[PDB]
Every structure is written in C-alpha cells, then in structure tokens.
C-alpha cells in the first residue's frame, strides 16, 4: 500500500519516497496546527500561509473523497496519490483545478474535482490519455495536494 506520513514528515509504514519536483507539494514543510475543513468555495490562498485566514491556520490544501477539503490537517496523510485506490475513467466535467500531485508511480498528475464530486487525476506528461478517479479510501486519509 502507499505509505502515510505523520505531520513531521516521517513515514508511518513502508518506505519513504520523494515527491515529484514539479508537484505543488513542496517538502519539507510544517503542518498540523489544527484540522481545518473548508468548502470548495473557500479553498485557501498562498498568502494565507504565514497569517492563516479567518477559517484558521493554513499549511496548504488537502483532499479526500467525499469530497472533503482541508486547509490544515494533523493526522496521517498521503504525499502521493495511492493509485491502487484509483480506477481508470473518462475525463469528467471539471469544476476546479486543485493542484499537481505525485502518483505512487512517481509520475506527475494534474488533479481536478469533477461535477459529480469525484477527485480525478490526469498524467501531466509522457504517456497519453491516462485518467483516473479516486474511488476507494481504505485508510480514510487525505492527500496533501499543495503546500503554501
């Protein structure tokens, strides 16, 4: 299974892997002041990093299926999309572009939220027509999508 990581960046099982240099997740980075759930209409801004915002502290953007979005999160997270829990799908009608995530295969993906609430990834580069949806979350943990 793709490892989870604790708020200090340490792997909780398995082997650590690096994130893709072009990901919107830039490590090392702090997080986990508070768990702060946000709506899709109130995703945090890069300028909210030092100050927080009116919703609370901010370490970036985190997402899991539901969809559920967070601007900070203290528990275990993915640093890479756990592709074993994704399934091939056609491109959806996208409502929002949320970041660039490393997959558990090491590759870079663009990540989107669909009109149907599904989280979808599409390969950024190389092989054509790769597109997957996040259909299982057996550890009920979010991906750290962006760091501020």
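Positions refer to the first chain, counted from 1. Note that the rigid core is defined as the largest set of C-alphas that superpose within 1.5 Å between two forms.
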(request) Determine, for 43-51 and 92-100, which one has C-alphas that on average lie farther from this form in 6 other deposited structures of this protein; superpose on the rigid core first. (result) 43-51
(request) Please work out which of 109-117 and 40-48 has the higher mean CA B-factor as recorded in the PDB entry. (result) 40-48
(request) Quick one: say whether 99-107 or 82-90 has the higher mean Cα B-factor in the deposited entry. (result) 82-90
(request) Compare the CA B factors listed in the entry for 12, 135, 124, 139 and report the winner. (result) 124
(message) Looking at the temperature factor on the CA atom of residue 28, which third of the chain's modelled residues does it land in?
(response) highest
